[PDB]
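Read the single chain below, which is given as structure tokens and is the form deposited in one PDB entry.
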């Protein structure tokens, strides 16, 4: 129920312990006025400071002038902060506006087409994103709703994704959650305590070539549909062979415990863990921070199910791209399809009460 501090050198919501719920929204910008957009970023920052401390935005949810709409929509009244974090990112398309073209980071790379991609263009891309994570879904929806309202006339929601449960871990001392295939997901991640590993693999450094991004990170989002009918008829051995870990304990094949180190040569050559492991990818390491989703039925008699995969990294070209390229032969590909994609530059943290989202860029 506690608050996660909002200010810092880095934005919260990355290294932070992974909260139970996600509401992710991508926005397109509809104003060509730079000053108007800067004013929005400041108003959003002010709102975020309220929201993440469990307070209502603006002058509150009630007790104002009867003839005015309340400043806050009110559905989070009486609720705790619930570890709400709000993380903003800027998409490549933003940099075509406001004279920003030459400030687009090299590390904000467009992704290549990957074999098997079936990307919905309507649920891909976006000028900007807001990741809202919290332990209470109502708290997360309230935050996104109120930001969108404040931004009316300057930004529109392009697409959104709710995540009902986490499929990631930045806290190895706590139980690793399972994805909808029934496997633990998050054992070998980067922990929030691993400052050296965060600095090496997650945070952008001044020397990487884009000074305004120092202390930021780069985000890849992939909406992945799971073929659960196909998976559910697979044998136990087939499932375990796909991953290279057993299902019950989630230990590497041959070993007894979840957190025993993988011995890659005992896994099938097309096992997911074997192909995704840093040692298979020249050391490339990601911070995975995704969530599960179900968006109803598929119209063919079955539940829809998927994973909204989020990865943070210091450079898209040295993080997600090499690892995904190496997944071209993954046994897991029989059971999944990527159907949405976006990339974002996640700026540095809001340093104090006078700072604002995007201040280093603008």
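Residue numbers count along the first chain shown, from 1. Shifts are known only where both forms have a C-alpha. Definition used throughout: the rigid core is the maximal C-alpha set that superposes within 1.5 Å between two forms.
One more form of this protein, deposited in another entry, exists but is not displayed; see below.
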{"query": "Position that moves between the shown form and the other one after core superposition, taken from 160, 292, 170, 124, with Cα shift of 2 Å or more", "finding": "170"}
{"query": "Cα-Cα shift for residue 171 and residue 136, closer or farther in the other form, minimum 3 Å", "finding": "closer"}
{"query": "In the other form, shift in Cα separation for residue 53 relative to residue 167, 3 Å or more", "finding": "closer"}
{"query": "Mobile segments between the shown form and the other one [3+ consecutive residues, each C-alpha shifted 2 angstroms or more, core superposed]", "finding": "164-173"}
